[PDB]
Amino acid sequence: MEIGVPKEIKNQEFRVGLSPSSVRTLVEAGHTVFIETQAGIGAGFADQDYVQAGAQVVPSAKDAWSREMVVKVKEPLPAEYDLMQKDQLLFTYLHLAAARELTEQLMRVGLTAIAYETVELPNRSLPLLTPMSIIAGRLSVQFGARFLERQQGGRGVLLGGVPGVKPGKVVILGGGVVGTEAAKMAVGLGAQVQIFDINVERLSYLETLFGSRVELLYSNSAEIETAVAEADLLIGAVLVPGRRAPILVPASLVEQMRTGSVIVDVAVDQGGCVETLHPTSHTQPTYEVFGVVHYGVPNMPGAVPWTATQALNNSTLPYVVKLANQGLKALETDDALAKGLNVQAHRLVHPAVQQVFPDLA
Amino acid sequence: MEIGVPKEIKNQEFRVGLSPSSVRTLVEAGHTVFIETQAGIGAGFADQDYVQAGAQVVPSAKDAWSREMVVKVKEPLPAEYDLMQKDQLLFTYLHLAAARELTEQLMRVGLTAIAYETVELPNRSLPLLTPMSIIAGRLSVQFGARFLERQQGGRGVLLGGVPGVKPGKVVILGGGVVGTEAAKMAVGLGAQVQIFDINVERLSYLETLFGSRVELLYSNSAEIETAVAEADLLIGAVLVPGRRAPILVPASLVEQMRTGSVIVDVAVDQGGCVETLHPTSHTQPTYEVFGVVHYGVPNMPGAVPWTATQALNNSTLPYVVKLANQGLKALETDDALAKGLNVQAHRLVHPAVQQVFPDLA
Amino acid sequence: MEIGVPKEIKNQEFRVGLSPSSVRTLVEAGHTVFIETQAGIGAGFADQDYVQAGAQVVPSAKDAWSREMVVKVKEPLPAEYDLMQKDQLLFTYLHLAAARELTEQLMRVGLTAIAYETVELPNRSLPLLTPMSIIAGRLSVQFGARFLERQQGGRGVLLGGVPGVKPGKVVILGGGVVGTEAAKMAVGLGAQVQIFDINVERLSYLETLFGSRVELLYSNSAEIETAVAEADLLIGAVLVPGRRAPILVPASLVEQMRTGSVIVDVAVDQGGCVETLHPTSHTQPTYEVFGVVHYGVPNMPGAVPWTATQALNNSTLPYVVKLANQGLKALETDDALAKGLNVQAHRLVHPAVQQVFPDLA
Amino acid sequence: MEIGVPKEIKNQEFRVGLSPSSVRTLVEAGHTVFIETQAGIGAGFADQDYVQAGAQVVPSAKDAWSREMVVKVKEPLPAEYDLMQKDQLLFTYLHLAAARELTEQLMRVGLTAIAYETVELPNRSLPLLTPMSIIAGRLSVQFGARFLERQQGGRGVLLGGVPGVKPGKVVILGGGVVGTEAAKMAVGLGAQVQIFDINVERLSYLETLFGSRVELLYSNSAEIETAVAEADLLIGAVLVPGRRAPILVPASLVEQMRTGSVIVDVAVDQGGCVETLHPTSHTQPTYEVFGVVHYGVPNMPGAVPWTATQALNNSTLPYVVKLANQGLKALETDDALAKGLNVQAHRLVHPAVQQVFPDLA
Amino acid sequence: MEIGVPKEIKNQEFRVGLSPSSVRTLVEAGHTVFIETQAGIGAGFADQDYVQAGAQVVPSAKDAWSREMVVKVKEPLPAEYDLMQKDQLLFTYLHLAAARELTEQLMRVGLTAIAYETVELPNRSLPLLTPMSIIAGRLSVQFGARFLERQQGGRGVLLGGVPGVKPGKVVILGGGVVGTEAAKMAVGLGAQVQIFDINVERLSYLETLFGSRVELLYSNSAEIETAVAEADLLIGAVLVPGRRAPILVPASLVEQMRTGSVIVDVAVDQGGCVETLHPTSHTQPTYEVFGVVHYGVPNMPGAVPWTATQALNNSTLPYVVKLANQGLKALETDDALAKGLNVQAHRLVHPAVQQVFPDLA
Ligand SMILES: NC(=O)c1ccc[n+]([C@@H]2O[C@H](COP(=O)([O-])OP(=O)(O)OC[C@H]3O[C@@H](n4cnc5c(N)ncnc54)[C@H](O)[C@@H]3O)[C@@H](O)[C@H]2O)c1
Ligand SMILES: NC(=O)c1ccc[n+]([C@@H]2O[C@H](COP(=O)([O-])OP(=O)(O)OC[C@H]3O[C@@H](n4cnc5c(N)ncnc54)[C@H](O)[C@@H]3O)[C@@H](O)[C@H]2O)c1
Ligand SMILES: NC(=O)c1ccc[n+]([C@@H]2O[C@H](COP(=O)([O-])OP(=O)(O)OC[C@H]3O[C@@H](n4cnc5c(N)ncnc54)[C@H](O)[C@@H]3O)[C@@H](O)[C@H]2O)c1
Ligand SMILES: NC(=O)c1ccc[n+]([C@@H]2O[C@H](COP(=O)([O-])OP(=O)(O)OC[C@H]3O[C@@H](n4cnc5c(N)ncnc54)[C@H](O)[C@@H]3O)[C@@H](O)[C@H]2O)c1
Ligand SMILES: NC(=O)c1ccc[n+]([C@@H]2O[C@H](COP(=O)([O-])OP(=O)(O)OC[C@H]3O[C@@H](n4cnc5c(N)ncnc54)[C@H](O)[C@@H]3O)[C@@H](O)[C@H]2O)c1
């Protein structure tokens with residue numbers, strides 16, 4: 001089939017729909033791929049690498065959008081609304097329940113849109129988001145260490161300390177995928193680490209990973225209060241299915257933290273579990289409240305596009321191949337794929353997006 | 001005795017001569033300490049903490065400089081030349097072989113100046129520099145990870161990678177104190193690590209620390225060339241006694257590195273082992289040569305003043321106490337202290353500084 | 001019941017149906033066991049040990065084959081066709097889909113034959129093969145190290161290297177049971193290790209076992225090519241259910257490998273994932289193609305009969321006991337056992353073997 | 001200076017005096033190197049690699065022996081006696097106290113001969129032998145595992161066992177360099193390990209390396225007897241300065257060992273600590289006594305010439321460079337080098353070799 | 001709702017139904033809690049702590065028993081039979097199949113009684129017992145070490161030994177929750193450890209936790225006999241669903257053990273797997289049979305009430321909250337809770353307790 005890969009146009013978005021290794025694999029399956037020049041450059045892939053792989057490098061987005069299947073990272077923007085085609089297959093992150101205009105647009109056009117984030121296993125797991133959660137967890141500590149540096153606004157604490165001197169104290173709220181990857185890094189830098197979770201069985205499992213090196217604590221307000229007050233680095237990594245996140249950290253608790261301490265709340269979209277936290281810019285990634293540094297920049301994985309592009313591809317690829325092979329019939333063979341389906345032929349198909357635009361259904 | 005601690009005035013210097021725990025200890029020994037207001041604040045110590053410790057908080061530097069002993073972090077600046085006194089004891093980092101004017105100043109004044117960096121054991125070890133080498137080694141990786149982020153100018157590589165994706169490759173030139181601490185951090189973040197050294201016995205010792213997790217390689221041009229070409233993060237940590245550092249990495253080698261890769265040369269004063277590296281600012285910590293990011297900001301430990309102040313104190317303290325107790329006679333009891341002596345009563349005493357200002361002796 | 005254990009007669013087969021500990025256990029359950037003299041000697045078990053266990057040691061195979069139940073390791077050979085009886089229970093590895101004559105023989109005779117390799121759990125797992133996969137994985141590295149020795153034909157590389165010198169590079173294709181055990185050994189010898197797999201969730205799990213000590217890579221032709229070219233030791237450990245193995249390594253790739261490098265493809269029966277690999281002898285376990293040493297000897301576990309006999313027994317025993325107790329009714333109580341049933345009363349019962357000898361059904 | 005490297009002619013000797021990386025380094029120092037064609041091929045180095053390094057590849061040994069300095073691995077053989085020159089510098093392993101004829105030959109010729117094995121530090125350490133001890137220690141386990149395989153003559157025991165089955169038991173007599181490297185490998189393969197030593201302080205140090213994973217036992221006849229009787233693999237790694245090795249294992253003890261168990265005595269030249277052990281061939285590396293497999297092949301490191309050549313070079317190189325630079329005056333600057341001196345201008349200089357050929361002095 | 005917490009009156013019982021953190025959490029949910037004075041003191045919780053949490057501290061048990069819901073640790077005793085009320089909710093450990101009188105009492109009264117130990121998941125797991133199994137496993141080793149001390153009656157063996165001296169040998173029968181926690185501690189003290197289990201898949205899993213540090217052995221009489229004879233510390237940790245425990249250790253085996261060796265059978269209620277073991281007192285926790293020390297004191301977790309109270313609460317809490325919120329309707333929403341139901345309105349509801357008092361149903 002013909003596969004197009006336009007360059008990402010969203011602000012600060014350096015990832016790319018397909019890496020060269022993916023392309024190669026696709027080309028060996030009988031398919032042909034068209035990629036816009038420079039599409040891969042923010043991620044570290046030259047057009048050259050794409051040609052070596054069997055890609056046809058196209059000079060414009062029009063040329064890339066004109067294919068039967070388009071594979072991207074982010075949702076289409078208004079600047080590209082006119083590039084879309086009636087019978088395309090669009091496979092990318094959509095987040096439709098947050099973009100009515102976008103939802104209507106796809107609807108008018110009549111294509112079929114499959115969202116990475118709705119492809120779901122019986123497991124109830126979302127295989128195409130995980131890779132991003134792993135990365136965010138790892139980055140949280142890296143960003144946190146930077147902001148604990150004096151020139152960056154923090155107290156001037158080295159996470160690992162040095163023999164004779166106290167190490168930094170990292171408190172992680174939530175021991176799921178993100179919280180677990182964060183703990184791995186903090187431990188690697190030498191910090192003293194505490195993880196809170198409400199699921200004891202998850203806590204038991206974490207003990208198999210860390211042994212007695214990390215403190216594994218049941219999530220209750222009383223212990224949270226004490227721990228948070230002593231933290232140099234607080235990482236929010238909580239997720240709850242039927243809703244937005246619980247505020248485990250009220251402004252009053254924040255007020256009790258040490259000056260120059262830092263909070264990184266990875267749970268930014270769904271609210272955060274920290275009361276004083278809101279999303280931040282990039283020309284201004286942080287702000288202070290009570291002398292405590294706040295970091296609320298989202299899509300953390302965008303800081304490592306080379307690593308992030310491959311991680312995503314490793315997971316999307318088999319789906320890309322199935323679609324290229326069976327086209328629309330794959331949704332009838334693949335239940336997970338069938339669940340990624342959001343829009344088709346002017347109809348809003350995803351039940352979740354329906355309950356949000358009940359009048360769009 | 002009376003001990004004074006002025007606030008550091010050098011640019012970007014947030015450390016402080018004595019921490020509150022040190023002060024307390026000093027006060028319990030019979031001594032009294034005077035500290036300039038706000039002297040400890042960049043390091044995270046309020047005047048309050050100093051008063052609780054037994055310190056007398058003085059409102060001006062004059063008041064702090066007027067003591068029989070002054071304890072600081074950096075060398076005196078011209079702005080303080082008039083504050084110095086004839087019979088003081090000055091204990092701080094001096095680096096006289098690089099400051100003639102300063103050397104002459106101390107000479108005129110007639111005090112006795114003891115340099116942290118010349119206090120030396122029979123071991124030939126410099127006990128008061130080590131703490132700073134440990135910190136620099138640990139920070140190098142932390143800074144390196146930041147600069148490998150796309151927005152910071154790097155390729156966009158996560159050091160630890162994610163299962164399925166290649167981890168970052170870190171190459172460390174020199175397996176001494178700095179190189180060893182750097183390896184500890186890189187390994188902690190999940191990177192693939194290679195350390196080069198010319199001392200096999202040091203390599204053998206490192207194996208006892210890391211096992212087979214790190215690649216331990218003999219330093220020869222041939223292997224260096226190959227390794228460096230594949231690095232995401234290159235850390236220079238070489239030191240050679242009788243001179244400046246060897247250029248293990250010529251511009252030609254740098255030219256062969258991947259775009260967006262980063263070099264952190266901790267060996268900045270003595271030259272660096274990297275040809276294209278020079279010191280950098282803070283309003284501009286890095287620059288590019290061949291698409292490769294260069295970081296040459298010195299006194300790395302200044303980024304974590306809270307941790308760095310305590311590490312230094314843990315080591316200087318026993319010397320501070322000996323001086324306060326025995327005053328000048330300590331140099332006659334302590335050989336290491338006797339070696340820290342640089343200037344006394346208008347005479348240049350340190351042989352090393354003499355061979356540099358042979359006409360000052 | 002009466003249980004017989006003949007000595008294995010197949011070439012190079014030193015294992016034995018029951019170890020002495022098994023026998024003891026069987027005897028304490030009310031059963032009696034007859035074993036041919038010397039049956040256990042290749043595995044390190046003297047007849048003495050068998051008598052201490054409660055076994056009756058019989059002088060001939062006839063005496064051992066004449067029992068209501070016979071327990072062996074390998075399939076019956078033509079030399080024993082006349083020893084079989086109409087109503088026996090035969091429990092051993094059969095591999096009928098590869099032995100028509102054998103399949104017809106059991107059919108004529110009219111016994112019931114249960115194959116270790118078809119006993120299967122709902123899990124779809126084959127509990128009686130695993131023990132052999134674990135052993136093969138561990139041996140692969142052991143054999144590989146031997147063949148990397150100069151006198152054995154290899155390049156003369158020590159897997160662990162020595163501080164100052166590069167360790168050997170081991171590449172494992174497939175991260176399942178075999179590939180995982182191989183990685184454990186390679187890591188134990190100090191090698192640099194890469195594992196490829198197409199299942200990301202398996203890759204994630206492996207990270208919980210190895211941390212960042214092993215490189216965990218997604219199986220794609222592009223990365224495979226690069227990795228394989230740099231390998232000292234290549235281990236094939238791929239398995240795919242609905243068929244034979246994929247050739248992940250074409251002769252062209254093999255041609256690009258270093259002279260004296262070695263390939264051990266554990267996936268020998270089902271083809272191998274290496275193009276240039278074919279089964280080898282024992283009077284000649286290896287051969288060279290492009291200066292690269294090939295090892296294709298099967299039934300690797302036969303090299304450690306003492307360890308292999310016990311591992312198998314630990315798993316077969318509970319089934320042996322159930323059969324001795326309930327005889328044929330066990331297949332009606334045990335679904336896994338019911339699945340091991342291949343032949344009974346002249347009829348070919350196993351659906352898998354039926355689809356192979358569709359005219360035998 | 002001119003440096004020659006002849007091809008090694010001794011039987012089964014595949015190492016080479018200088019690797020290509022060494023050569024390169026030498027060439028960059030102002031020196032020129034001549035190497036006999038194919039000299040590096042048994043170690044995995046093509047002439048090509050030597051030319052790339054700056055070597056001049058010579059067609060004959062005569063051409064290589066004709067230089068002011070010759071660098072080899074083994075001692076000169078009678079076939080090369082005529083190639084030697086009056087004023088050469090010969091640097092290689094000599095073992096003169098075992099070769100009278102050779103000793104006389106060097107004497108006649110009048111060159112100066114420096115033996116790797118006599119270069120000694122104040123430490124009393126022999127820096128140029130260690131690399132070989134490390135390798136032998138690692139290989140011992142590798143060879144031992146092979147001989148425990150049934151087809152190789154052993155009991156058929158997998159060192160690591162499998163969950164549910166006992167691992168192999170490895171007993172190491174001597175916890176020095178060799179014994180320690182052996183333990184590292186055995187532990188890596190999963191074996192149960194015991195190390196005996198008479199030096200408690202060495203035992204204490206080993207605990208810092210292995211923790212409680214290895215049993216660390218004081219060397220006394222009583223415990224030795226018990227342990228040895230239960231071993232699958234016995235490794236002799238004892239060394240005593242003023243003499244030959246103690247027989248810690250009398251034939252009577254050997255008689256008590258399990259059939260198919262194996263003994264690898266790395267202490268072969270100095271006798272061995274095992275009574276029934278003698279050196280073996282290569283066309284016959286082992287023999288049996290009491291059903292116990294004996295391995296007594298020496299120069300174990302010769303099995304991995306690629307790894308062994310580099311390990312040796314990493315250590316000899318700085319000495320090779322000093323000699324090329326200062327020629328004979330290096331012995332007057334280098335005490336360790338001065339100690340390597342065995343023969344010069346017809347005189348036997350090495351005190352140790354003198355006390356052996358008291359009439360040659 | 002109103003929640004009461006009486007002080008535990010059973011002998012040697014220091015735990016308490018709710019910890020202060022639990023209380024706080026309950027109070028924030030809209031509920032009010034009444035606790036008898038001193039109820040928390042044996043566990044380390046002052047009334048003060050309870051008041052800070054929002055508890056109302058009541059002076060008598062009557063006051064605590066008079067609530068709509070009573071939360072305790074142990075079963076009600078005759079001394080409290082008169083305190084119970086018709087429509088209460090009683091949530092605590094009951095063990096009714098062992099207390100007929102108690103069972104009849106609850107029956108008369110007409111309350112609804114929910115037993116911690118019958119709350120069960122589809123998993124068939126008993127979430128409210130696990131926490132106690134983990135603790136018992138950890139304590140077993142701690143108690144065992146104490147009894148191996150000479151003054152306590154044991155042989156005088158230090159589990160970890162010291163470099164040069166054999167470590168203690170610990171044998172664990174059963175590799176489930178208890179056996180696994182015991183192994184963790186024994187390994188932590190430096191002992192040589194063997195675990196036996198009949199489930200190979202459990203053995204495989206344990207290898208992922210311990211690697212090759214522990215010996216993982218299949219449970220068969222032959223190996224058990226040998227291992228037990230050499231043990232310093234034997235820990236019984238076997239559980240079998242449809243019955244009482246198997247005697248894996250007959251008195252005859254015990255007779256073969258070393259004098260001063262110790263047995264701790266955690267499997268005390270269900271019999272023990274050790275023939276010579278019976279429950280013991282506290283004024284006499286052990287006894288000897290054949291010079292072997294026996295420890296059979298039950299409810300091991302009672303020795304660490306501070307730790308044990310919190311572990312239990314972490315697990316019971318969510319159930320306590322559900323009950324307080326939905327009262328009786330929770331059993332209709334919660335299947336696990338519905339399974340904890342033993343008695344209600346004079347009727348015996350639990351099928352298991354019915355089959356024991358078939359005439360009570
Ligand atoms: N900013 C970014 O780039 C980015 C990327 C990915 C995910 N995230 C966010 O990070 C969060 C973590 O996602 P995840 O994949 O780890 O989910 P997860 O389900 O793997 O982990 C969440 C964990 O939180 C625990 N939790 C829930 N309530 C809790 C409570 N009251 N106290 C303590 N722990 C509680 C759960 O028991 C669970 O273990 C989500 O909110 C997600 O949206 C941000
Ligand atoms: N910028 C900062 O804030 C800061 C702070 C401290 C130290 N440093 C610098 O960092 C360097 C490292 O200091 P250190 O305490 O680790 O010294 P060290 O002696 O502990 O380590 C240096 C090591 O380099 C090795 N080395 C020398 N020549 C080599 C060669 N050709 N190849 C490979 N390795 C070689 C030596 O064998 C030694 O092991 C010095 O140059 C020091 O001035 C910078
Ligand atoms: N010679 C012997 O004595 C012996 C003994 C046992 C097994 N074997 C063979 O070894 C192989 C391994 O068996 P196992 O028990 O490990 O199976 P397994 O299922 O546990 O492992 C196989 C793994 O291969 C992976 N795989 C499949 N296709 C792949 C691809 N294209 N790239 C990379 N990985 C891929 C799967 O995802 C899986 O994780 C089989 O072929 C089996 O027949 C040989
Ligand atoms: N065959 C080969 O290729 C080869 C290569 C190198 C070394 N070797 C030999 O291996 C031996 C080991 O050499 P090394 O470098 O380990 O020496 P080492 O000094 O590092 O180790 C020897 C150790 O043996 C211990 N020892 C001495 N007497 C003992 C006794 N009665 N019981 C127990 N331990 C005792 C010492 O305390 C010491 O720790 C030597 O005999 C050497 O000649 C063979
Ligand atoms: N005294 C106390 O305070 C206390 C507290 C909790 C549990 N216990 C007791 O401890 C025992 C262990 O409980 P658990 O939670 O570990 O159960 P579990 O199911 O987690 O562990 C029991 C294990 O025993 C194994 N096993 C069964 N039969 C065996 C045999 N013949 N040989 C070897 N292993 C065998 C099973 O395969 C299983 O892995 C139970 O009997 C329980 O009643 C005592």
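When a ligand or atom number is given, it counts from 1 through the structure's own listing order. Per chain, numbering begins at 1; letters A, B, ... match sequence-line order.
- If you look at C:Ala237 next to ligand 3, the close heavy atoms, those under 4.0 Å, all belong to the backbone.
- Atoms of ligand 3 lying under 4.0 Å from at least one heavy atom of C:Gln270, given by number and element, are 41 (O).
- A donor-acceptor distance shorter than 3.5 angstrom exists from the side chain of E:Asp265 to the backbone of E:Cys273, with no hydrogens or angles considered.
- C:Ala183 and C:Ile172 make their closest contact through N-CD1, 3.6 Å (heavy atoms, listed as atom of the first residue, atom of the second, distance).
- Electrostatic pairing of E:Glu13 and E:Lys74 does not count as a salt bridge here, judged by no charged N lying under 4.0 Å from a carboxylate O.
- In this structure, E:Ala245 has no heavy atom closer than 4.0 Å to ligand 5.
- Nearest-residue assignment for atom 4 (C) of ligand 2 (options B:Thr180, B:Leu239, B:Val266; heavy-atom criterion): B:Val266.
- You'll find the side chain of C:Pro163 stays beyond 4.5 Å of the side chain of B:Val200, heavy atoms only.
- The shortest N or O to N or O distance between B:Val238 and ligand 2 is under 3.5 Å.
- Protein heavy atom in closest approach to atom 29 (C) of ligand 3: C:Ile198 CG1, 3.4 Å.
- The heavy atom nearest to atom 18 (P) of ligand 3, out of those in C:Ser125, C:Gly175, C:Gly176, is found in C:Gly176.
- With a 4.0 Å heavy-atom cut-off, ligand 3 is reached by the side chain of C:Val240 but not by its N, CA, C or O.
- E:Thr180 pairs in a side-chain contact (heavy atoms from CB on, under 4.5 Å) with only one of the listed residues (E:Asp197, E:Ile195, E:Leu209), which is E:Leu209.
- For ligand 2, the polar-atom distance check finds an N/O of B:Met300 within less than 3.5 Å of one of the ligand's N/O atoms.
- For atom 20 (O) of ligand 2, the nearest protein heavy atom (residue, atom name, distance) is B:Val177 N, 2.9 Å.
- Near C:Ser219, with a cut-off below 4.0 Å to any heavy atom, the atoms of ligand 3 are 30 (C), 32 (N), 33 (C).
- Around atom 38 (C) of ligand 5, the closest heavy atom drawn from E:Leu217, E:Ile247, E:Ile195, E:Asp197 belongs to E:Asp197.
- Every N/O-N/O distance between B:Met132 and ligand 2 stays at or above 3.5 Å.
- Atoms of ligand 3 lying under 4.0 Å from any heavy atom of C:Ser133, numbered from 1 in the order shown and given with element: 6 (C), 7 (C), 15 (O).
- Contacts with ligand 2 closer than 4.0 Å are made by side-chain heavy atoms of B:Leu248 only, the backbone lying farther away.
- Residues C:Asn220 and A:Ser21 approach most closely at ND2-CB, 3.3 Å, considering heavy atoms.
- A 4.5 Å side-chain heavy-atom check between C:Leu129 and C:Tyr116 finds every atom pair outside the cut-off.
- The distance from ligand 3 to the heavy atoms of C:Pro301 drops below 4.0 Å at these ligand atoms: 3 (O).
- The C:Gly174 neighbourhood of ligand 3 comprises atoms 24 (O), 34 (N), with distances under 4.0 Å to a heavy atom of that residue.
- Smallest separation of non-hydrogen atoms from B:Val240 and B:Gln270: O-NE2, 2.9 Å.
- Here A:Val162 pairs with A:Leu158, A:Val165, B:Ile134, B:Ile135, B:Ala311 under the side-chain contact (heavy atoms from CB on, under 4.5 Å) rule; sequence neighbours left out.
- The closest side-chain heavy-atom distance from E:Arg15 to E:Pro301 is below 4.5 Å.
- Closest approach of B:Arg202 and B:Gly175 over heavy atoms only: NE-O, 2.7 Å.
- Counting protein heavy atoms only, atom 5 (C) of ligand 5 is closest to E:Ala136 CB, 3.6 Å.
- For ligand 2, the polar-atom distance check against B:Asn299 finds a nitrogen or oxygen pair separated by under 3.5 Å.
- Smallest separation of non-hydrogen atoms from E:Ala136 and E:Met300: O-CE, 3.8 Å.
- Where the criterion is an N or O separation shorter than 3.5 Å, residue side chain and backbone included, E:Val178 meets it with respect to ligand 5.
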